[PDB]
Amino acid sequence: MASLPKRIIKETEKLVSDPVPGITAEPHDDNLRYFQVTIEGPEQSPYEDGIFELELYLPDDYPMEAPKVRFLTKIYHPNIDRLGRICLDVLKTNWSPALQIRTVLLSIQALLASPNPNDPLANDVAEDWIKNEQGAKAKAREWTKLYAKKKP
């Protein structure tokens, strides 16, 4: 019912001018609330050889309401489900208009670095992580190779 909020315009600009490390985010040309995102797998994680695709959407009441985000790259992780949905406190109970898109993306990046199978979203993956951690990590690295874009 209006032009794009300045808050979103400025965040969008700064995601390009002042990017966060290993992360890219840019809106679709035809929908400026809808972002194509990539996150590099963190070094010394099972995901480290890959670049992961995500998509994010800004609801109408942003920044009073949290962004929506999920992985498009298939990924093996106890806190990411088979549809790419992410269990993150900053997207629910700890959201605040003091936070930004880049906050959410950094928090996803850190989740890749510290899986938590004891508070899981994908219970099947969490079970594997708990009973066979080294096997689960190997599978995550295999899925990185199979489904994620390869870092140069």
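Start at 1 and count along the sequence shown; that's the residue number. Superpose the two forms; the largest set of C-alphas matching within 1.5 Å is the rigid core.
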95-103 or 120-128, the stretch lying farther from the shown form in 4 other deposited structures of this protein by root mean square CA distance over structures and residues, after core fitting, is 120-128
When the core is superposed, where do the C-alphas shift more in 4 other deposited structures of this protein: in 22-30 or in 37-45?
-> 22-30
Using only the Cα atoms and their B-factors as the entry lists them, report which of 125-133 and 19-27 averages higher.
-> 125-133
Given the B-factors recorded for C-alpha atoms, which segment has the greater mean, 52-60 or 38-46?
-> 38-46
Check the PDB entry and point out which of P120, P67, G84, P97 has the largest C-alpha temperature factor.
-> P120
Within this chain, which third does the Cα B-factor at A113 fall in: lowest, middle or highest?
-> highest
Chain thirds of CA B-factor: placement of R102 = lowest
